[PDB]
Protein chains: 4
Amino acid sequence: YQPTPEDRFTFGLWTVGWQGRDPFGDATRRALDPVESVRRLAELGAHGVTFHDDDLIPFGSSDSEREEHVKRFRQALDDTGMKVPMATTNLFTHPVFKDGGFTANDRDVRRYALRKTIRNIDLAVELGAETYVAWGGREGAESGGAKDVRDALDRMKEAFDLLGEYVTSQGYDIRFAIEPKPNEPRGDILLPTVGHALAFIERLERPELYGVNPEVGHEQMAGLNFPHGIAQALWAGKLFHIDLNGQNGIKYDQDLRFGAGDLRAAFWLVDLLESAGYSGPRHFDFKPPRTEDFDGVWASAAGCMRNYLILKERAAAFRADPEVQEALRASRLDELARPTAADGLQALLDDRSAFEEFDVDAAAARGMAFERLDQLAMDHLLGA
Amino acid sequence: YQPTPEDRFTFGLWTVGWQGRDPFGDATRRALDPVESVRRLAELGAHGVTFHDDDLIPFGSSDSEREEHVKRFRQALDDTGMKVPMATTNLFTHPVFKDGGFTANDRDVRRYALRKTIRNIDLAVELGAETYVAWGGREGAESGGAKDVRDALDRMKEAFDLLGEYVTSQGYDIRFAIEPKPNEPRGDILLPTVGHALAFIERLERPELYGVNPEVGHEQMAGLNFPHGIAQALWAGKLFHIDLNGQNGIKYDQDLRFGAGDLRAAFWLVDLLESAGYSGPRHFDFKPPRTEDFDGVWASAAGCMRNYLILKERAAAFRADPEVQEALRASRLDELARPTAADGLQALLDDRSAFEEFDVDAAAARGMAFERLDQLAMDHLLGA
Amino acid sequence: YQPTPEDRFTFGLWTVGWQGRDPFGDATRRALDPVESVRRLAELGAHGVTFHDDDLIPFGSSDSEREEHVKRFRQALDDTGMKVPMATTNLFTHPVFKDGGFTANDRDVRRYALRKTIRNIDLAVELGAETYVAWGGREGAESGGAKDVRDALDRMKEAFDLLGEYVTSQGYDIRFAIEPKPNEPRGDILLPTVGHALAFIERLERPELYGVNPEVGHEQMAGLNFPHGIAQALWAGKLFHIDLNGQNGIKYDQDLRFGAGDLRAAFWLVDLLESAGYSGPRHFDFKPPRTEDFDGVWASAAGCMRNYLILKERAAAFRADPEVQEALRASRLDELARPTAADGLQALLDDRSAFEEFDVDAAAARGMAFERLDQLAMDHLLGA
Amino acid sequence: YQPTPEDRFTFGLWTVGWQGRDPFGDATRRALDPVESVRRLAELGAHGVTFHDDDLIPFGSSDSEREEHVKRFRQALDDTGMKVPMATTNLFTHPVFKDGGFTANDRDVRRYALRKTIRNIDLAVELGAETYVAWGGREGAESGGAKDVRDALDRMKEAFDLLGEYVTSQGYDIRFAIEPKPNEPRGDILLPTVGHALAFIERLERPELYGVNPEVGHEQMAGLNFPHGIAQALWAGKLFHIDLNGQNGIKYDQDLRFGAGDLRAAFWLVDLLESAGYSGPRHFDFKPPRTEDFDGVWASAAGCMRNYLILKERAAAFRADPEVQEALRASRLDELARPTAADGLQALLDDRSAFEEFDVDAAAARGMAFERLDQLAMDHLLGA
Ligand SMILES: [Mg+2]
Ligand SMILES: [Mg+2]
Ligand SMILES: [Mg+2]
Ligand SMILES: [Mg+2]
């Protein structure tokens, strides 16, 4: 289960670089130089890294400090063969964004958040990123009167439309991926799920430029089925990026390593990505727990990739097993994939087998055989 | 707080008619004749009722039994002045639908579910309904291998497209409203939230024919903010119906009377519907607890309407209060409603006030004043 | 992974006998004769069955019907070698219990619930049960004014004290196990978690006669860590019974087969029961999904046992692995098991190494090595 | 609704002093001098303040710095008439406590956490505190192998027993209050609910010295009914302190002002505390949102008290209303308070009215009238 470049495993600088500050605790690790993280990730077999503007260039840097930070980072990339497939903006840490970036009630802040984004889009393109993620973690409210959501959606649409006009005007080959989250750090976050983000995108001026960046734990924070949401994003053609991690249920976002948290959901996720031929990076947005020293940071990162590869092997064995293929037919998964009424409306209307002569009790007596199928899946997952 | 016809309060037959069977208990009340429910609802000041096919006509009825059931119901409507604004299909109770209607793995069941729906669309139109709700409560799975979600979405789209072709072919003035729910009775339900349903609709052949029917408790079963989801549905132009009830958090769907459960969310909901000028029925999809006799059924139904009207009064007083209007300005709600960059992209790019000369620390020092605004809202809700 | 009598796997009659009625659906399977269930369970390698009074004897049976039902059941037990280690009362299905049994507001109902219980305690003893479970599924409320909880706890204590006096008066060797659940079918259930039940027991007149019967899914309905709660019950000496099943998070109680739901929690549960030498039955309180026919019922039941045995093997391999034993020492699990201050209070107070000369920064620099330990656990679970 | 000294409203220094750092954001407010907070709280009508050691004396202070900090604080208390009824230890912020204080796997850390606690117990007594809270926010785990919970409970018991021996040895009139929380900042926290804490206390050497400090939002993080848990703590005689705030469901702990979050639960809480004659401080453990400036901090704190007093008035009006008193009798709340079987076991056994001659169908036909009672409660809460 050793990673390869074709596995396309990628990590955010802020993942392994998380110093361990939480709502109730100070940092437990020193800050990492991005150069060190690139080298250590490469050694573990990662293919690339990602960044927020502020992870790579300290907020408020002069042009000369900006250039030096980028130069050093690029040297580490060149030294290792690491790629930068995705970048994003920090529109959440600085106090100025306490009510939002794109949907701050203050218009001056909205305009600033756009200009900060556009600056980093240019950098992302310089570094070869083809995806630009937007996580509006400050967009939302703790109280009902604070945020008129229709007006906030109008501002959010205006912001993303301006970004689309910008990339089009520059001739860039970069696309956007909107990352939903239901809550945390705001009491409620706007576009709280994959579904709300997909629906929003369809209202944009240039919807082809935007997809989703779903994150395992984010959908699980609302108790939703992550594989199901990924399926709807694939069905819509909008899975432009994915963030992989673990989460134990409906609680604060834990950002556990991938494979931890809901292991069976991880299995069905990998099965779906691999069956569908998803071609994007397998990006980990996780935090090594603050209990760990740097050895444990690198162990946790390695574990992300390892668990993906173990699950990949088990899912492939499941799908290739003739006994599972038989059980899939026994449960009529083949029939689910066939059109209900390719004969057309009128033919359906005229078909007595669909109504007057449909034997409902005979149909109801048929078992689905789902339990035997699921125990085959369990046996395969556990290597039993 | 006495209801009027213009309040347009409506109830499902299955609400006040719920006999009290639950996962662990037998019925505690006798079945109600729909005629009795129409009369009792009218006496309380309801404006209309709604129905599933099977609530009005016992499943498996002959044509003559069907006609008699409808005739009696229509007499009660005529006797009372009650309307029937919405109808829906039962595609969940009968064992034949144990794996779904429109997305059953068995194709024969899918075709039958369409024919059952189309039959009741014709009835709905005969009774003057302008909305047809679809709640796919059996669409989904308990296990991962049981349901390929992309194939199920293809079947779901095919079904709704056929229904759209049917209504168009008949020249009917009826539109569809898809009701999301995240889980229960399936482990996970397809289209689990307002967002997923909105996104799905945009993929239909005739998207103008479909909206959402959000239900208070359903979105709260995923821990989501119901007012926020209603706002996104209004923003999209897709709020075709609403189902009102109460829910205490993330648990089994409780179907409490409206106002019970999350009272502050109920307040912000009413504020939003009334401010936005929502024109549809205020429909209650609730269950009087099985602890109650029929006196308690009618009390619970009356309480639905009463709580809506109390909340309406308090929300209107909030919005009309000059002190609240001042607090809204103090929190910059007026600025949220103004375009970020009506000057355009290039002007924003050229505006040093948005970047080089934006004083981030001065902007960050500004309080939002959200707590004072929310305590005004609390004072108004409580009549303090 | 084939079950043996020493595995002591047991099943409730109402598990495999669940006909499939849910909040939104009719039965999908015919009722099973208890005799058939005993025979089929035995064939799968179960060691015993359990029952509610009403599962074995139809409610309202004459004395002669009661005797015949028991006679047939006993013949099936004798024919198979199956045991009956536990019994319980149905104080939830009949409408009379809609506000509770032991804590019904009506005193007449409370007295009846005690008499119904005592009758079945005598039967349980006749059948050789050594544990008597009490699940107060109707004890609680949907609204705040309905149930004064201090008065209800007084009634609950009075009821359990009377049962204790009864068993003591008869000289029976049976003990009670109180089964917590947080909600469903009441909005909130009294004694909602293992902790609340443990605390309650300590207030009883004869606390040695009562323990807990924790159920996997019940604690997971409150988002709690089931292994942790089992650990506290073991620490208290109060784990008198356990109910095994699966649950996917905070939602309606799903009663999935054991191993489904939170698989990693299942692994840590089995590890804990086996490490602690738990000696009671491994009882499954689950429902084969209503999608299944009887073949799927028996498959689901077999899967319960299979998953327990796979997990047992993997947990034992984890604990026996010298690399894991080393990692446990590296994470200081050995030190957690050593007294903080066996030297005593005054010695601790006088120990400068505990205060003035404790190097907090050196201590804080030490990693816990928990991630490497957990990835060993993951590798073992998956057989990697 | 203006606060008075007899209202006994108290606040933690860390509440109004929270600078606004969260998992994704820097501070938005400057640090407050404790002196300023005492004066501002007093002006709003608070009666007292509380503290962690580290809120009053910067961690690592010399003896002279410690004395000066305490002297200034005491002057502010004397200047205002503010009391200090409760104190507590910070055993969570410093990296040394990343795996716990009392249950850290490292024994040296456990001993240090005891010595840090004991130092501040002496200070608490000097300042006149009669309650000493313990919130073990770092006690727990993210992974299953990291923490043997039985061993951790042994260490937790050892620690609390040593603290009990210490206070007894000094002749102090201070008692302990253990504050449960289910998760955050650990993945799972030990003693996660009121129930688990109550049960734990009964195992201590001197259980009379310990009670619980339940917090509204903490129990609501597990989806539990806070009023119900407070009722069980009162029933046990163990409500030694309470922490008041708001929470919107099962999510990260929000620490909203009291009255926000679940307003109806707040109403039933106040009703219960006032009806039971709870005599302790009404302590607010909340955080003014980081959106606010200092004006909003003081507004949020004022709102805590205001909402308590509005709710107190409405609950008292509910209980005094003859119509509610009649509805309580109609729902048999009076009968819930009467013993089930003061006649004794044998009399119950011999009572045919409890069994052979109990008319179950007549009893089941009786409505509980809970909906009318709850709508009276709603009407009273809203002043309708
Ligand atoms: Mg992410
Ligand atoms: Mg509905
Ligand atoms: Mg059970
Ligand atoms: Mg607290």
# chains A, B, ... in the order shown; residues from 1 in each chain; ligands from 1
$ residues_near_ligand --ligand "ligand 3" --cutoff "8 Å" --atoms "only C-alpha atoms and all ligand atoms" --output "MDAnalysis selection string"
chainID C and resid 135 179 213:215 243:244 285:286
$ interface_residues --of "chain D" --to "chain B" --cutoff "8 Å" --atoms "only C-alpha atoms" --output "PDB file with N, CA and C atoms, in the first residue's frame"
ATOM      1  N   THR D  28     -10.725  39.159  17.949  1.00  0.00           N
ATOM      2  CA  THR D  28     -11.350  40.367  17.463  1.00  0.00           C
ATOM      3  C   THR D  28     -11.470  41.464  18.521  1.00  0.00           C
ATOM      4  N   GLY D 223     -27.881  16.253  22.258  1.00  0.00           N
ATOM      5  CA  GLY D 223     -29.290  16.186  21.925  1.00  0.00           C
ATOM      6  C   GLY D 223     -30.169  15.842  23.099  1.00  0.00           C
ATOM      7  N   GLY D 249     -28.588  23.163  18.982  1.00  0.00           N
ATOM      8  CA  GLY D 249     -28.502  21.786  18.537  1.00  0.00           C
ATOM      9  C   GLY D 249     -27.172  21.200  18.594  1.00  0.00           C
ATOM     10  N   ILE D 250     -27.068  20.176  17.779  1.00  0.00           N
ATOM     11  CA  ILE D 250     -25.970  19.220  17.973  1.00  0.00           C
ATOM     12  C   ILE D 250     -24.941  19.718  17.010  1.00  0.00           C
ATOM     13  N   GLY D 261     -30.645  30.171  21.445  1.00  0.00           N
ATOM     14  CA  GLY D 261     -30.679  28.783  21.280  1.00  0.00           C
ATOM     15  C   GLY D 261     -32.052  28.285  21.497  1.00  0.00           C
ATOM     16  N   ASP D 262     -32.206  27.276  22.331  1.00  0.00           N
ATOM     17  CA  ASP D 262     -33.525  26.589  22.488  1.00  0.00           C
ATOM     18  C   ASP D 262     -34.329  27.310  23.552  1.00  0.00           C
ATOM     19  N   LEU D 263     -35.109  28.273  23.075  1.00  0.00           N
ATOM     20  CA  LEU D 263     -35.871  29.147  23.950  1.00  0.00           C
ATOM     21  C   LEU D 263     -36.887  28.390  24.802  1.00  0.00           C
ATOM     22  N   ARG D 264     -37.602  27.447  24.231  1.00  0.00           N
ATOM     23  CA  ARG D 264     -38.566  26.699  25.068  1.00  0.00           C
ATOM     24  C   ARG D 264     -37.903  25.888  26.135  1.00  0.00           C
ATOM     25  N   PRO D 288     -19.801  36.335  24.192  1.00  0.00           N
ATOM     26  CA  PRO D 288     -20.338  37.241  23.226  1.00  0.00           C
ATOM     27  C   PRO D 288     -19.691  36.954  21.856  1.00  0.00           C
ATOM     28  N   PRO D 289     -20.528  36.817  20.793  1.00  0.00           N
ATOM     29  CA  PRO D 289     -19.945  36.467  19.514  1.00  0.00           C
ATOM     30  C   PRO D 289     -18.817  37.389  19.095  1.00  0.00           C
ATOM     31  N   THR D 291     -18.192  38.749  16.425  1.00  0.00           N
ATOM     32  CA  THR D 291     -18.694  39.874  15.635  1.00  0.00           C
ATOM     33  C   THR D 291     -18.789  41.185  16.432  1.00  0.00           C
ATOM     34  N   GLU D 292     -18.879  41.090  17.757  1.00  0.00           N
ATOM     35  CA  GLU D 292     -19.217  42.241  18.595  1.00  0.00           C
ATOM     36  C   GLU D 292     -17.986  43.017  19.064  1.00  0.00           C
ATOM     37  N   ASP D 293     -18.187  44.327  19.228  1.00  0.00           N
ATOM     38  CA  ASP D 293     -17.239  45.166  19.975  1.00  0.00           C
ATOM     39  C   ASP D 293     -17.625  45.124  21.443  1.00  0.00           C
ATOM     40  N   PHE D 294     -16.968  45.945  22.254  1.00  0.00           N
ATOM     41  CA  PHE D 294     -17.268  45.895  23.695  1.00  0.00           C
ATOM     42  C   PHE D 294     -18.625  46.336  24.070  1.00  0.00           C
ATOM     43  N   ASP D 295     -19.232  47.240  23.341  1.00  0.00           N
ATOM     44  CA  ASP D 295     -20.637  47.576  23.579  1.00  0.00           C
ATOM     45  C   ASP D 295     -21.527  46.340  23.429  1.00  0.00           C
ATOM     46  N   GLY D 296     -21.198  45.544  22.414  1.00  0.00           N
ATOM     47  CA  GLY D 296     -21.966  44.310  22.196  1.00  0.00           C
ATOM     48  C   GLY D 296     -21.683  43.253  23.224  1.00  0.00           C
ATOM     49  N   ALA D 299     -23.925  44.330  26.069  1.00  0.00           N
ATOM     50  CA  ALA D 299     -25.272  44.068  25.683  1.00  0.00           C
ATOM     51  C   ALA D 299     -25.619  42.572  25.801  1.00  0.00           C
ATOM     52  N   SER D 300     -24.702  41.733  25.362  1.00  0.00           N
ATOM     53  CA  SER D 300     -24.937  40.281  25.412  1.00  0.00           C
ATOM     54  C   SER D 300     -25.033  39.787  26.851  1.00  0.00           C
ATOM     55  N   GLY D 303     -28.293  40.835  28.250  1.00  0.00           N
ATOM     56  CA  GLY D 303     -29.321  39.982  27.683  1.00  0.00           C
ATOM     57  C   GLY D 303     -29.475  38.623  28.389  1.00  0.00           C
ATOM     58  N   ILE D 310     -37.311  37.533  32.232  1.00  0.00           N
ATOM     59  CA  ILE D 310     -38.533  37.499  31.459  1.00  0.00           C
ATOM     60  C   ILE D 310     -39.106  36.086  31.627  1.00  0.00           C
ATOM     61  N   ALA D 364     -56.977   3.131  28.251  1.00  0.00           N
ATOM     62  CA  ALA D 364     -56.366   3.600  27.035  1.00  0.00           C
ATOM     63  C   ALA D 364     -57.166   4.687  26.306  1.00  0.00           C
ATOM     64  N   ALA D 365     -58.497   4.694  26.463  1.00  0.00           N
ATOM     65  CA  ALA D 365     -59.320   5.709  25.815  1.00  0.00           C
ATOM     66  C   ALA D 365     -59.126   7.092  26.422  1.00  0.00           C
ATOM     67  N   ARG D 366     -58.596   7.200  27.641  1.00  0.00           N
ATOM     68  CA  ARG D 366     -58.478   8.484  28.275  1.00  0.00           C
ATOM     69  C   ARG D 366     -57.421   9.332  27.583  1.00  0.00           C
ATOM     70  N   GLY D 367     -57.739  10.483  27.092  1.00  0.00           N
ATOM     71  CA  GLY D 367     -56.721  11.403  26.586  1.00  0.00           C
ATOM     72  C   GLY D 367     -55.866  11.954  27.677  1.00  0.00           C
ATOM     73  N   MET D 368     -54.616  12.282  27.362  1.00  0.00           N
ATOM     74  CA  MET D 368     -53.773  12.952  28.378  1.00  0.00           C
ATOM     75  C   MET D 368     -53.926  14.450  28.479  1.00  0.00           C
ATOM     76  N   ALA D 369     -54.520  15.052  27.446  1.00  0.00           N
ATOM     77  CA  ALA D 369     -54.694  16.479  27.411  1.00  0.00           C
ATOM     78  C   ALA D 369     -53.418  17.308  27.417  1.00  0.00           C
ATOM     79  N   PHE D 370     -52.346  16.645  26.959  1.00  0.00           N
ATOM     80  CA  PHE D 370     -51.057  17.342  26.973  1.00  0.00           C
ATOM     81  C   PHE D 370     -50.931  18.504  25.991  1.00  0.00           C
ATOM     82  N   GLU D 371     -51.634  18.433  24.857  1.00  0.00           N
ATOM     83  CA  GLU D 371     -51.543  19.512  23.890  1.00  0.00           C
ATOM     84  C   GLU D 371     -52.168  20.810  24.381  1.00  0.00           C
ATOM     85  N   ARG D 372     -53.341  20.743  24.984  1.00  0.00           N
ATOM     86  CA  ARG D 372     -53.936  21.940  25.578  1.00  0.00           C
ATOM     87  C   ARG D 372     -53.053  22.509  26.666  1.00  0.00           C
ATOM     88  N   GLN D 375     -50.153  24.278  24.971  1.00  0.00           N
ATOM     89  CA  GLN D 375     -50.480  25.530  24.334  1.00  0.00           C
ATOM     90  C   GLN D 375     -50.749  26.630  25.372  1.00  0.00           C
ATOM     91  N   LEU D 381     -45.591  31.789  27.698  1.00  0.00           N
ATOM     92  CA  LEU D 381     -44.261  32.187  27.303  1.00  0.00           C
ATOM     93  C   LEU D 381     -44.271  33.402  26.412  1.00  0.00           C
ATOM     94  N   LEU D 382     -45.167  33.427  25.419  1.00  0.00           N
ATOM     95  CA  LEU D 382     -45.245  34.524  24.464  1.00  0.00           C
ATOM     96  C   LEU D 382     -46.086  35.700  25.016  1.00  0.00           C
ATOM     97  N   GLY D 383     -46.669  35.577  26.161  1.00  0.00           N
ATOM     98  CA  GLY D 383     -47.493  36.751  26.657  1.00  0.00           C
ATOM     99  C   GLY D 383     -48.702  36.923  25.783  1.00  0.00           C
ATOM    100  N   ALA D 384     -49.302  35.862  25.271  1.00  0.00           N
ATOM    101  CA  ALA D 384     -50.469  35.887  24.405  1.00  0.00           C
ATOM    102  C   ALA D 384     -51.800  35.665  25.123  1.00  0.00           C
TER     103      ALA D 384
END
$ residues_around --residues "residue C:255" --least-positions-apart "5" --cutoff "7 Å" --atoms "only C-alpha atoms" --output "ChimeraX atom specification"
/C:217,245-247,285-287
$ write_last_selection --atoms "N, CA and C atoms" --output "mmCIF file, in the first residue's frame"
data_model
loop_
_atom_site.group_PDB
_atom_site.id
_atom_site.type_symbol
_atom_site.label_atom_id
_atom_site.label_comp_id
_atom_site.auth_asym_id
_atom_site.auth_seq_id
_atom_site.Cartn_x
_atom_site.Cartn_y
_atom_site.Cartn_z
ATOM 1 N N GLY C 217 -26.814 1.118 19.519
ATOM 2 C CA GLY C 217 -27.449 2.211 18.797
ATOM 3 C C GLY C 217 -28.045 3.247 19.682
ATOM 4 N N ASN C 245 -26.022 -4.124 18.054
ATOM 5 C CA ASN C 245 -26.651 -3.789 16.755
ATOM 6 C C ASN C 245 -25.761 -2.713 16.137
ATOM 7 N N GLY C 246 -26.250 -2.148 15.040
ATOM 8 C CA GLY C 246 -25.564 -1.034 14.338
ATOM 9 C C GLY C 246 -26.497 0.174 14.198
ATOM 10 N N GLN C 247 -25.858 1.330 14.067
ATOM 11 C CA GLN C 247 -26.544 2.591 13.968
ATOM 12 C C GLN C 247 -25.620 3.516 13.206
ATOM 13 N N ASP C 285 -30.039 -7.174 19.416
ATOM 14 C CA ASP C 285 -31.313 -6.501 19.399
ATOM 15 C C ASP C 285 -31.325 -5.720 18.122
ATOM 16 N N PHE C 286 -31.751 -6.335 17.043
ATOM 17 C CA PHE C 286 -31.612 -5.754 15.674
ATOM 18 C C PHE C 286 -32.848 -6.097 14.924
ATOM 19 N N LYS C 287 -33.004 -5.509 13.752
ATOM 20 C CA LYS C 287 -34.139 -5.755 12.882
ATOM 21 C C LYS C 287 -33.603 -5.999 11.487
#
$ select_by_dssp --residues "stretch 168-313 of chain C" --states "helix (DSSP H, G or I)" --output "ChimeraX atom specification"
/C:168-170,194-201,207-209,216-220,226-236,263-275,294-313
$ residues_around --residues "stretch 164-173 of chain C" --least-positions-apart "5" --cutoff "7 Å" --atoms "only C-alpha atoms" --output "NGL selection string"
:C and (130 or 206 or 209)
$ residues_around --residues "residue D:197" --least-positions-apart "4" --cutoff "8 Å" --atoms "only C-alpha atoms" --output "list in words"
residues 195 of chain C; 178, 179, 180, 191, 192, 193, 201 and 212 of chain D
$ write_last_selection --atoms "N, CA, C and O atoms" --output "JSON list (two decimals), in the first residue's frame"
[["chain", "number", "residue", "atom", "x", "y", "z"],
["C", 195, "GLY", "N", -25.08, 6.58, 31.64],
["C", 195, "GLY", "CA", -24.78, 7.28, 32.83],
["C", 195, "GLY", "C", -25.96, 7.55, 33.72],
["C", 195, "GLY", "O", -25.96, 7.37, 34.95],
["D", 178, "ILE", "N", -18.64, 18.84, 39.37],
["D", 178, "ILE", "CA", -18.04, 18.28, 38.14],
["D", 178, "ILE", "C", -18.93, 18.66, 36.96],
["D", 178, "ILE", "O", -20.15, 18.42, 36.98],
["D", 179, "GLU", "N", -18.31, 19.25, 35.95],
["D", 179, "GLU", "CA", -19.02, 19.76, 34.79],
["D", 179, "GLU", "C", -18.88, 18.81, 33.63],
["D", 179, "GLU", "O", -17.78, 18.66, 33.01],
["D", 180, "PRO", "N", -19.93, 18.09, 33.25],
["D", 180, "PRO", "CA", -19.86, 17.23, 32.07],
["D", 180, "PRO", "C", -19.88, 18.00, 30.76],
["D", 180, "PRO", "O", -20.41, 19.07, 30.67],
["D", 191, "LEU", "N", -16.91, 11.24, 31.24],
["D", 191, "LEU", "CA", -18.10, 11.80, 31.97],
["D", 191, "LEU", "C", -18.83, 12.74, 31.07],
["D", 191, "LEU", "O", -19.00, 13.94, 31.33],
["D", 192, "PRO", "N", -19.44, 12.22, 29.98],
["D", 192, "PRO", "CA", -19.92, 13.11, 28.91],
["D", 192, "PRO", "C", -21.25, 13.78, 29.19],
["D", 192, "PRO", "O", -21.58, 14.71, 28.47],
["D", 193, "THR", "N", -22.01, 13.34, 30.18],
["D", 193, "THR", "CA", -23.34, 13.89, 30.47],
["D", 193, "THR", "C", -23.52, 14.01, 31.96],
["D", 193, "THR", "O", -22.80, 13.38, 32.77],
["D", 201, "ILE", "N", -19.70, 10.15, 40.76],
["D", 201, "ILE", "CA", -19.64, 10.69, 42.11],
["D", 201, "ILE", "C", -19.97, 9.66, 43.16],
["D", 201, "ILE", "O", -19.32, 9.68, 44.25],
["D", 212, "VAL", "N", -22.79, 18.02, 40.66],
["D", 212, "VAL", "CA", -22.60, 18.39, 39.26],
["D", 212, "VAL", "C", -22.75, 19.84, 39.03],
["D", 212, "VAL", "O", -23.40, 20.59, 39.78]]
$ residues_around --residues "residue C:138" --least-positions-apart "6" --cutoff "8 Å" --atoms "only C-alpha atoms" --output "PyMOL selection string"
chain C and resi 91-92+97-101+185-186+189
$ write_last_selection --atoms "C-alpha atoms" --output "PDB file, in the first residue's frame"
ATOM      1  CA  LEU C  91     -44.713  -1.937  28.531  1.00  0.00           C
ATOM      2  CA  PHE C  92     -44.830   0.051  25.258  1.00  0.00           C
ATOM      3  CA  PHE C  97     -49.005   2.522  28.019  1.00  0.00           C
ATOM      4  CA  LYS C  98     -49.069   5.646  25.819  1.00  0.00           C
ATOM      5  CA  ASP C  99     -47.833   7.823  28.720  1.00  0.00           C
ATOM      6  CA  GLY C 100     -45.663   5.169  30.341  1.00  0.00           C
ATOM      7  CA  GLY C 101     -45.853   2.067  32.431  1.00  0.00           C
ATOM      8  CA  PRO C 185     -40.872   6.675  20.808  1.00  0.00           C
ATOM      9  CA  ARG C 186     -41.125   9.533  23.322  1.00  0.00           C
ATOM     10  CA  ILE C 189     -37.024   9.242  27.385  1.00  0.00           C
TER      11      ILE C 189
END
$ atom_distance --atom1 "atom CA of residue B:270" --atom2 "atom CA of residue B:124"
28.0 Å
$ atom_distance --atom1 "atom CA of residue B:210" --atom2 "atom CA of residue A:160"
25.9 Å
$ decode --residues "stretch 129-139 of chain B" --atoms "N, CA and C atoms" --output "PDB file, in the first residue's frame"
ATOM      1  N   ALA B 129     -56.733  21.248  -7.282  1.00  0.00           N
ATOM      2  CA  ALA B 129     -55.390  21.466  -6.746  1.00  0.00           C
ATOM      3  C   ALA B 129     -54.469  22.102  -7.737  1.00  0.00           C
ATOM      4  N   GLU B 130     -53.691  23.076  -7.298  1.00  0.00           N
ATOM      5  CA  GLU B 130     -52.711  23.671  -8.200  1.00  0.00           C
ATOM      6  C   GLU B 130     -51.284  23.217  -7.915  1.00  0.00           C
ATOM      7  N   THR B 131     -51.092  22.451  -6.818  1.00  0.00           N
ATOM      8  CA  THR B 131     -49.779  21.922  -6.526  1.00  0.00           C
ATOM      9  C   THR B 131     -49.876  20.415  -6.280  1.00  0.00           C
ATOM     10  N   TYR B 132     -48.870  19.719  -6.775  1.00  0.00           N
ATOM     11  CA  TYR B 132     -48.798  18.276  -6.599  1.00  0.00           C
ATOM     12  C   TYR B 132     -47.457  17.949  -5.931  1.00  0.00           C
ATOM     13  N   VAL B 133     -47.527  17.505  -4.670  1.00  0.00           N
ATOM     14  CA  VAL B 133     -46.275  17.239  -3.903  1.00  0.00           C
ATOM     15  C   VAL B 133     -45.803  15.827  -4.166  1.00  0.00           C
ATOM     16  N   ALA B 134     -44.495  15.650  -4.170  1.00  0.00           N
ATOM     17  CA  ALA B 134     -43.844  14.316  -4.261  1.00  0.00           C
ATOM     18  C   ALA B 134     -42.863  14.233  -3.122  1.00  0.00           C
ATOM     19  N   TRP B 135     -43.113  13.324  -2.197  1.00  0.00           N
ATOM     20  CA  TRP B 135     -42.175  12.993  -1.087  1.00  0.00           C
ATOM     21  C   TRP B 135     -41.693  11.565  -1.315  1.00  0.00           C
ATOM     22  N   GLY B 136     -40.452  11.448  -1.767  1.00  0.00           N
ATOM     23  CA  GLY B 136     -39.912  10.114  -2.038  1.00  0.00           C
ATOM     24  C   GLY B 136     -39.325   9.478  -0.812  1.00  0.00           C
ATOM     25  N   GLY B 137     -40.194   9.130   0.121  1.00  0.00           N
ATOM     26  CA  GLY B 137     -39.734   8.656   1.424  1.00  0.00           C
ATOM     27  C   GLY B 137     -39.078   7.314   1.385  1.00  0.00           C
ATOM     28  N   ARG B 138     -39.387   6.522   0.355  1.00  0.00           N
ATOM     29  CA  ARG B 138     -38.721   5.187   0.195  1.00  0.00           C
ATOM     30  C   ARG B 138     -37.542   5.192  -0.759  1.00  0.00           C
ATOM     31  N   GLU B 139     -37.183   6.332  -1.332  1.00  0.00           N
ATOM     32  CA  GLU B 139     -36.096   6.407  -2.254  1.00  0.00           C
ATOM     33  C   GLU B 139     -34.809   6.516  -1.512  1.00  0.00           C
TER      34      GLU B 139
END
